[PDB]
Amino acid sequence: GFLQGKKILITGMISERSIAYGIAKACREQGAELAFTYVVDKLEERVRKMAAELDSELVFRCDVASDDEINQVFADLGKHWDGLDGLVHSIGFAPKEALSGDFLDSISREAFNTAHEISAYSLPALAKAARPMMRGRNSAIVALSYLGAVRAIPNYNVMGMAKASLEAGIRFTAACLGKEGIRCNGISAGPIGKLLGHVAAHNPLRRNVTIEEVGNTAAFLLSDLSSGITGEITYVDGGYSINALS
C-alpha cells in the first residue's frame, strides 16, 4: 500500500455513505493509520464503531465553529502520534433554507456567515492548528469541493460562494506551507436525485462517480506519489465539468 507509515486525520465521517468514509476506506486499504473527528457527542458511538472497523480507536470531538476544540484535537492527537502526515477536510454546512430555490431570496447574512465559517474558514483553521504536527514531515492536506465554486448551479446557492472561498483557501494554504513540506490540494467531486441522472447522462463516462473513486484520489493526494502536486483542484466527476452541450 502506498500510504504505509502515513498517519491521517479524517474529518466528516458520519456514515458509510460519507465521502469521508470512502476516503478512510481507501486510505486504510493502502496501509494508512487513521484518526477521526466528530462534530457532536450524539454521533460519538457511531463514529467509534466505524473507526474500529477501520482499525482505529483515535476519535475526537471537533466542532470547527470552536477554535478551542480545533486546537484540542491536535493536543490530544499529539499524545498518540509523533506527527501528522495527512489531514482530510470533508466538512460542509449551510442552513437548509439557503439551499433551495431562488439564490437571492434564499440567501441571508447569517446563512452566508455560517456557510463560509464552517465550510471555508475551517480549512485554514485546521491547517493552522495542525501545522506544528505536519511541518517538515512531507505531509498533505486534502479538502472536498464542488462545481458550485466555479459554475452557477441550481439550489446550491450560497454554498457555491463558500466552496469558491475554500478553493482559494486551498491555493493560499499551499503557497503558505509548501516551503515547510506540507501540501494542500482539493478534490471537486461529482454528485454522490434527478441531478444524478443529469450528470450520468451528460458526462464523458456516462455514469456517476463513487466514494471509492473519490477516496482513491484522496489517498493518492495524501501519498508521496503526489509530492509534486500542491494547490490543485482535481475533478473526480467523470469529466462532467469539461463537457458542454452534451
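The numbering used is simple: start at 1 and walk along the sequence shown.
Coordinates are lacking for 10 or more deposited residues between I192 and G193. Remark: stretch with higher mean C-alpha B factor among 202-210 and 180-188 is 202-210. Averaged over their C-alpha atoms, the temperature factors of 54-62 and 26-34 are higher for 54-62. Comparing the C-alpha B-factors of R131, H80, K163, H89 in the entry, the top value falls on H80. Annotation for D224, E232, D237, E16: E16 ranks highest, by Cα B-factor. In the deposited entry, the Cα temperature factor of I153 sits in the middle third of values across the chain's modelled residues. Among the modelled residues of its chain, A75 has a C-alpha B-factor that falls in the highest third according to the deposited record. Residue-level temperature factors show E167 in the lowest third of its chain, judged at the C-alpha atom. Annotation for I107: CA B-factor lies in the middle third of the chain's modelled residues.
Among all modelled residues in its chain, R137 ranks in the middle third by Cα B-factor.
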